[PDB]
């Protein structure tokens, strides 16, 4: 009979609500408040510090686009790193690539992983894959200490207010750059084009200081504020990430629900007002 409502100073004057069928789990971890409920129409929902992280109904949009964009552009990715993303959605999509031989994930809050393993089985199933290696720690420290370099890095970031506050600066992007192969790619969750173009501009500024090609793409997802979210795309080659190099025809990919070859590049076709805001950058 009651409703969950998502408020935040990051999007003042607006809110999105889901009808709660039953509350499944709540706790205060070392790092944040965790809530899991079954919604009446979006299936199960994960909330962190009062911010919706995912729902069963639409998470495939975010996880597919964040993963298959960089992974269909990298020629033969062997070693992939996911920053954040304790829920495992990125990992699930990554395991689909039989040519990947190692997936490292760095998540600061193991509670997120554990909760996901219990309540979101079709999302966290990737954890059962032998290539997957979990590191419970601060992304900044992980990046400073790792000896390996990666073909792809996916910053499945979480909002700038909270634990992911540190994932939104100039020091962080150089660490990413150094952790990548010379032909390596990073994609990062970047805020909605409707809410904070100031943030998007800033992220693109930091990124261009290092990467030779920085592009921005948009994903339609109803349970993120304003119904969409961006992908900050960083490339070491000047070819960038707008055009896939391969088609996903293997039986592993026959279940995809959002991503395909055409909408990969389409996602980079932005509203006129945004294109205008993003140069002289």
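Positions refer to the first chain, counted from 1.
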{"query": "Greater mean Cα temperature factor according to the PDB record, 205-213 or 178-186", "finding": "205-213"}
{"query": "Higher-scoring stretch by recorded Cα B factor average, 29-37 or 51-59", "finding": "29-37"}
{"query": "Ranked C-alpha temperature factor of residue 254 among modelled chain residues, by third", "finding": "highest"}
{"query": "Residue 228 CA temperature factor, ranked by third within the chain", "finding": "middle"}
{"query": "Residue 151 - Cα temperature factor, lowest/middle/highest third of chain", "finding": "middle"}
{"query": "Cα B factor band for residue 143 (lowest, middle or highest third within the chain)", "finding": "lowest"}
{"query": "Chain-relative CA temperature factor third for residue 266", "finding": "lowest"}
